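Have a look at the structure below before the remarks.
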Amino acid sequence: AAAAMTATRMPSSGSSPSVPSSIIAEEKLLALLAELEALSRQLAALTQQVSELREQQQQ
Amino acid sequence: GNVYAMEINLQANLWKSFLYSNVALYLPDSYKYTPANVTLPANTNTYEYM
């Protein structure tokens with residue numbers, strides 16, 4: 001009634017960026033698709049000359 | 001002899017107290033450093049880091 005009455009008396013907000021580091025970029029990209037063919041070409045050339053041992057030993 | 005005493009430059013202390021809190025703490029992050037054995041979050045925009 002008196003004394004104190006003179007003054008006065010959720011779910012999901014879904015953030016995303018959190019506490020990780022900063023990020024950067026560059027545009028000098030992508031030789032790498034050539035080596036996948038270099039590697040599998042030269043791999044064949046190994047077997048090709050293993051065959052050239054065998055095809056001369058068989059003579 | 002004279003009474004025992006110690007001496008303080010109060011004015012210089014108040015002026016450094018003004019300068020440090022109002023200007024040194026606001027310098028760009030590149031002027032600051034991290035203490036010898038204190039770890040700060042990697043996110044440089046956090047309060048913990050600042």
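Following the order of the structure tokens, first chain is A, next is B, and so on, with residues numbered from 1 inside each chain and ligands from 1 in the order they appear.
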Show me, as a tab-separated table, the residues of chain B having an atom within 8 Å of chain A, each with the closest atom pair and its distance in Å, using only C-alpha atoms.
residue	atom	partner	partner_atom	distance
B:41	CA	A:19	CA	7.0
B:42	CA	A:21	CA	5.3
B:43	CA	A:21	CA	5.2
B:44	CA	A:21	CA	7.6
B:46	CA	A:19	CA	7.9
- CA of residue 49 in chain B to CA of residue 27 in chain B, distance in Å rounded to a single decimal: 14.2 Å
- Please return as a PyMOL selection string: the residues of chain B that backbone DSSP assigns to helix (DSSP H, G or I). chain B and resi 10-22+24-26+29-31
May I have the selected residues written with N, CA, C and O atoms, as a compact mmCIF listing (two decimals), in the first residue's frame?
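To be explicit, this is the file written out as out-v2.txt:
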# COMPACT_ATOMS: atom_id res chain seq x y z
N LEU B 10 51.39 14.67 -7.55
CA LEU B 10 49.98 14.42 -7.78
C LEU B 10 49.52 14.89 -9.15
O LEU B 10 48.82 14.17 -9.85
N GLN B 11 49.98 16.05 -9.60
CA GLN B 11 49.52 16.59 -10.87
C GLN B 11 49.96 15.70 -12.03
O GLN B 11 49.14 15.36 -12.88
N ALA B 12 51.21 15.27 -12.07
CA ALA B 12 51.69 14.38 -13.11
C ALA B 12 50.93 13.04 -13.10
O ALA B 12 50.57 12.53 -14.15
N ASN B 13 50.63 12.50 -11.93
CA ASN B 13 49.81 11.30 -11.81
C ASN B 13 48.41 11.49 -12.37
O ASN B 13 47.95 10.65 -13.13
N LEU B 14 47.71 12.59 -12.06
CA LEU B 14 46.40 12.87 -12.63
C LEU B 14 46.47 13.07 -14.14
O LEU B 14 45.58 12.62 -14.86
N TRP B 15 47.52 13.68 -14.67
CA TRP B 15 47.65 13.87 -16.11
C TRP B 15 47.93 12.55 -16.82
O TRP B 15 47.25 12.23 -17.79
N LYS B 16 48.82 11.70 -16.31
CA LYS B 16 49.01 10.36 -16.89
C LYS B 16 47.76 9.49 -16.79
O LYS B 16 47.42 8.80 -17.74
N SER B 17 47.04 9.58 -15.67
CA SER B 17 45.77 8.90 -15.48
C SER B 17 44.75 9.34 -16.53
O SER B 17 44.10 8.50 -17.14
N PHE B 18 44.67 10.63 -16.83
CA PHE B 18 43.86 11.13 -17.94
C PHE B 18 44.33 10.58 -19.28
O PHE B 18 43.54 9.95 -19.97
N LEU B 19 45.59 10.76 -19.65
CA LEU B 19 46.11 10.33 -20.95
C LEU B 19 46.00 8.84 -21.21
O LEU B 19 45.57 8.44 -22.29
N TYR B 20 46.35 8.00 -20.24
CA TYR B 20 46.33 6.56 -20.47
C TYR B 20 44.92 6.06 -20.75
O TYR B 20 44.65 5.47 -21.79
N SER B 21 44.00 6.31 -19.82
CA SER B 21 42.64 5.80 -19.94
C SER B 21 41.88 6.42 -21.10
O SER B 21 41.11 5.71 -21.74
N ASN B 22 42.10 7.69 -21.44
CA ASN B 22 41.37 8.37 -22.50
C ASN B 22 42.02 8.33 -23.88
O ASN B 22 41.32 8.58 -24.86
N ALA B 24 45.64 6.25 -24.58
CA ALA B 24 46.40 5.03 -24.81
C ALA B 24 45.49 3.83 -25.07
O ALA B 24 45.66 3.14 -26.07
N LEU B 25 44.46 3.63 -24.26
CA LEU B 25 43.55 2.50 -24.44
C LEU B 25 42.79 2.53 -25.76
O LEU B 25 42.32 1.48 -26.19
N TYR B 26 42.69 3.67 -26.43
CA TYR B 26 41.97 3.81 -27.69
C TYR B 26 42.87 3.73 -28.91
O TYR B 26 42.36 3.80 -30.02
N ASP B 29 44.67 -1.44 -32.58
CA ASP B 29 45.16 -2.71 -32.07
C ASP B 29 46.61 -3.04 -32.42
O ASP B 29 47.26 -3.78 -31.69
N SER B 30 47.16 -2.49 -33.50
CA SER B 30 48.55 -2.73 -33.88
C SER B 30 49.57 -2.14 -32.91
O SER B 30 50.74 -2.54 -32.94
N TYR B 31 49.18 -1.23 -32.02
CA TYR B 31 50.08 -0.64 -31.02
C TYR B 31 50.13 -1.46 -29.74
O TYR B 31 51.07 -1.33 -28.95
- Task: Go ahead and compute the interatomic distance for CA of residue 11 in chain A and CA of residue 48 in chain B, in Å to one decimal.
- Result: 26.4 Å
